[PDB]
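K.L.:
Just one file: model.tsv, with TSV, N, CA and C atoms.
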chain	number	residue	atom	x	y	z
A	1	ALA	N	-5.01	1.48	-0.01
A	1	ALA	CA	-4.78	2.06	-1.36
A	1	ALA	C	-4.37	3.54	-1.25
A	2	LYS	N	-3.51	4.00	-2.21
A	2	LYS	CA	-3.06	5.38	-2.22
A	2	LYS	C	-3.75	6.17	-3.32
A	3	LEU	N	-3.90	7.48	-3.09
A	3	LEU	CA	-4.53	8.37	-4.06
A	3	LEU	C	-3.45	8.91	-4.99
A	4	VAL	N	-3.47	8.45	-6.24
A	4	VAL	CA	-2.58	8.97	-7.26
A	4	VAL	C	-3.36	9.96	-8.11
A	5	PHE	N	-2.88	11.20	-8.17
A	5	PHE	CA	-3.48	12.22	-9.03
A	5	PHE	C	-2.80	12.21	-10.36
A	6	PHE	N	-3.44	11.61	-11.35
A	6	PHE	CA	-2.89	11.55	-12.70
A	6	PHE	C	-3.33	12.74	-13.53
A	7	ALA	N	-2.50	13.12	-14.50
A	7	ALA	CA	-2.81	14.18	-15.46
A	7	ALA	C	-2.78	13.57	-16.85
A	8	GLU	N	-3.95	13.15	-17.34
A	8	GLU	CA	-4.04	12.47	-18.63
A	8	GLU	C	-4.32	13.45	-19.75
A	9	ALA	N	-5.24	18.59	-20.80
A	9	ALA	CA	-5.32	17.22	-20.22
A	9	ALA	C	-6.28	17.19	-19.01
A	10	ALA	N	-6.84	15.97	-18.74
A	10	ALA	CA	-7.76	15.78	-17.63
A	10	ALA	C	-7.03	15.25	-16.40
A	11	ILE	N	-6.94	16.07	-15.35
A	11	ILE	CA	-6.40	15.58	-14.08
A	11	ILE	C	-7.41	14.64	-13.45
A	12	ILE	N	-6.94	13.47	-13.04
A	12	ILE	CA	-7.81	12.41	-12.56
A	12	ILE	C	-7.17	11.74	-11.34
A	13	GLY	N	-7.95	11.47	-10.29
A	13	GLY	CA	-7.41	10.75	-9.16
A	13	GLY	C	-7.78	9.44	-9.17
A	14	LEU	N	-6.87	8.57	-8.75
A	14	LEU	CA	-7.15	7.14	-8.72
A	14	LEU	C	-6.82	6.53	-7.36
A	15	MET	N	-7.76	5.75	-6.83
A	15	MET	CA	-7.50	4.98	-5.62
A	15	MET	C	-7.05	3.57	-6.00
A	16	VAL	N	-5.75	3.40	-6.15
A	16	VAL	CA	-4.86	2.31	-6.50
A	16	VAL	C	-4.65	1.43	-5.27
Produce structure tokens that represent the structure in this file.
P.N.:
Amino acid sequence: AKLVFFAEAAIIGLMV
């Protein structure tokens, strides 16, 4: 899985 750093603002990382 890759670490996607999303910016929803709240920056959030996701292990996809």
K.L.:
So how far away is atom C of residue 1 of chain A from atom N of residue 13 of chain A, in Å?
P.N.:
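Between these atoms lies a distance of 12.5 Å.
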K.L.:
Can you pull out every residue within 8 Å of residue 14 of chain A, counting all atoms listed in the file, but drop anything in the same chain fewer than 3 positions away, and send it as a list in words?
P.N.:
residues 1, 2, 3, 4, 5, 6 and 11 of chain A
K.L.:
List every residue of chain A that DSSP, applied to the backbone, labels as strand (DSSP E or B), and write the result as a PyMOL selection string.
P.N.:
chain A and resi 3-7+11-15
